[PDB]
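Notes follow the structure.
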Amino acid sequence: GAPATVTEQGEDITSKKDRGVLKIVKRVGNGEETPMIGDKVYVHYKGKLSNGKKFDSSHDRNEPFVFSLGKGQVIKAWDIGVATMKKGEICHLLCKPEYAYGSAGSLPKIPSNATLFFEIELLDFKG
Ligand SMILES: C=C[C@H]1CN(CC(=O)O)C(=O)[C@@H]2CCC[C@H]1N2S(=O)(=O)c1cc(Cl)cc(Cl)c1
């Protein structure tokens, strides 16, 4: 399925080249511009655990998730991966625990040592 495909066939987008964040572009976005640090970014997403459970979905809430890019308001894999996206792009991200919730996890939903899968759509970004 999609998590296996991004694990086996995804691009390492880390600066360390440690395969901690892997990406596949699913839907090509607009032009060349990507958001910059500090921008307000608007996304839709879904998250799955490695046991196949969906743990989160913005579509199910009928409202995008909004954050300031590159400020540690989200797990590192998101600050790294969203920064690579064009407006309108949809991508898959595979997030090793060092770029997510680590050995702590995040009670109740995220276990210790969790690899996470996301599908993310960048809706918009504004200075
Ligand atoms: C639910 C909102 C965010 C939570 N955070 C911020 C934080 O944990 O302080 C995140 O960094 C990431 C990425 C942005 C979207 C949300 N997750 S999440 O999907 O990994 C997540 C979902 C849920 Cl239901 C619980 C938890 Cl702990 C994390």
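Following the order of the structure tokens, first chain is A, next is B, and so on, with residues numbered from 1 inside each chain and ligands from 1 in the order they appear.
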
If the limit is 7 Å from any atom of ligand 1, counting only C-alpha atoms and all ligand atoms, which residues qualify? Return them as an MDAnalysis selection string.
chainID A and resid 47 55:56 65 73:75 78 106:107 109:110

Could those selected residues go to a file with N, CA, C and O atoms, as an mmCIF file, in the first residue's frame?
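The resulting file, result02.cif, is shown below:
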data_model
loop_
_atom_site.group_PDB
_atom_site.id
_atom_site.type_symbol
_atom_site.label_atom_id
_atom_site.label_comp_id
_atom_site.auth_asym_id
_atom_site.auth_seq_id
_atom_site.Cartn_x
_atom_site.Cartn_y
_atom_site.Cartn_z
ATOM 1 N N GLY A 47 -3.028 11.000 8.752
ATOM 2 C CA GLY A 47 -1.925 10.273 9.358
ATOM 3 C C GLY A 47 -2.277 8.846 9.668
ATOM 4 O O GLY A 47 -3.413 8.623 10.181
ATOM 5 N N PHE A 55 -4.759 7.727 12.580
ATOM 6 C CA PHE A 55 -4.815 8.396 13.896
ATOM 7 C C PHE A 55 -5.301 9.836 13.736
ATOM 8 O O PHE A 55 -5.609 10.433 14.761
ATOM 9 N N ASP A 56 -5.316 10.403 12.536
ATOM 10 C CA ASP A 56 -5.736 11.810 12.433
ATOM 11 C C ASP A 56 -6.129 12.096 11.007
ATOM 12 O O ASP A 56 -5.617 11.457 10.043
ATOM 13 N N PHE A 65 -5.598 22.426 8.610
ATOM 14 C CA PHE A 65 -4.658 22.651 9.718
ATOM 15 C C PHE A 65 -3.680 23.738 9.283
ATOM 16 O O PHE A 65 -3.178 23.761 8.172
ATOM 17 N N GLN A 73 6.431 24.271 15.474
ATOM 18 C CA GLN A 73 5.021 24.146 15.915
ATOM 19 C C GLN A 73 4.462 22.763 15.554
ATOM 20 O O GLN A 73 3.354 22.415 15.975
ATOM 21 N N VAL A 74 5.209 21.997 14.763
ATOM 22 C CA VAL A 74 4.850 20.645 14.274
ATOM 23 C C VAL A 74 6.087 19.760 14.329
ATOM 24 O O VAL A 74 7.206 20.286 14.593
ATOM 25 N N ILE A 75 5.910 18.452 14.196
ATOM 26 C CA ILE A 75 7.081 17.557 14.194
ATOM 27 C C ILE A 75 8.059 17.966 13.102
ATOM 28 O O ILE A 75 7.713 18.584 12.073
ATOM 29 N N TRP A 78 7.428 17.402 9.378
ATOM 30 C CA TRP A 78 6.506 18.344 8.711
ATOM 31 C C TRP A 78 7.209 19.667 8.387
ATOM 32 O O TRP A 78 7.000 20.222 7.308
ATOM 33 N N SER A 106 3.145 10.020 21.881
ATOM 34 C CA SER A 106 2.198 11.105 22.257
ATOM 35 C C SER A 106 0.846 10.470 22.580
ATOM 36 O O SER A 106 0.177 9.986 21.619
ATOM 37 N N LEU A 107 0.648 10.255 23.899
ATOM 38 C CA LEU A 107 -0.516 9.585 24.533
ATOM 39 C C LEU A 107 -1.762 10.400 24.243
ATOM 40 O O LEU A 107 -1.670 11.615 24.205
ATOM 41 N N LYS A 109 -2.548 8.572 21.317
ATOM 42 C CA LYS A 109 -2.671 7.973 19.953
ATOM 43 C C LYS A 109 -1.350 7.408 19.384
ATOM 44 O O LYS A 109 -1.353 6.427 18.522
ATOM 45 N N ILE A 110 -0.234 8.022 19.728
ATOM 46 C CA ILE A 110 1.070 7.706 19.074
ATOM 47 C C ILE A 110 1.913 6.832 19.990
ATOM 48 O O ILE A 110 2.330 7.292 21.018
#

Could you pull out the strand (DSSP E) residues of chain A, going by DSSP on the backbone, and write them as a VMD selection string?
chain A and resid 11 to 12 21 to 27 40 to 48 54 to 57 65 to 68 90 to 95 116 to 126

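Counting only C-alpha atoms and comparing A:48, A:77, A:1, A:86, the residue that lies closest to residue 111 of chain A is A:48.
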
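Among the candidates A:114, A:62, A:104, A:34, the one nearest to residue 82 of chain A when counting only C-alpha atoms is A:34.
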
Could you check the closest approach to residue 127 of chain A for each of A:7, A:50, A:15, A:68 and tell me which residue wins, using only C-alpha atoms?
A:68
